[PDB]
């Protein structure tokens, strides 16, 4: 009916990425998924480290909601609005799905500059504190 053009992974991602539930995020990611954050021009590779990073991003954000879900087949752009503390933010999750329907590339773009700076500072604190990231450091390139 109205949702014929919606890919199931994209539908499932909306309900899970918002909440930042790491266990639920893991199942949607390709084994060698590439996550590119809005902060650094780097790439986190692997479902285990990427799910952990996304869990932390979800924790930092408040008042999170998607606004527009745009795309078809394997190429999607999920527009969202949220806050980082008292600062407003708008962003897009750029998703590329593989043949198996799992998230292969997940690239995040955002606005405004000041809120991205606040996100970067919050994420530096979380990643450094989370002792599991001693192992996950190797996944960043």
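Numbering follows the first chain given and starts at 1.
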Per the PDB record, is the mean Cα temperature factor higher over 116 to 124 or over 15 to 23? 15 to 23
Where does the C-alpha B-factor of residue 62 rank in its chain, lowest, middle or highest third? middle
State the tercile, meaning the lowest, middle or highest third, of residue 92 with respect to the CA B-factors recorded for its chain. lowest
Ranked by Cα temperature factor within the chain, is residue 37 in the lowest third, the middle third or the highest third? lowest
Relative to the other modelled residues in the chain, which third contains the C-alpha temperature factor of residue 86: lowest, middle or highest? highest
Looking at the temperature factor on the CA atom of residue 72, which third of the chain's modelled residues does it land in? highest
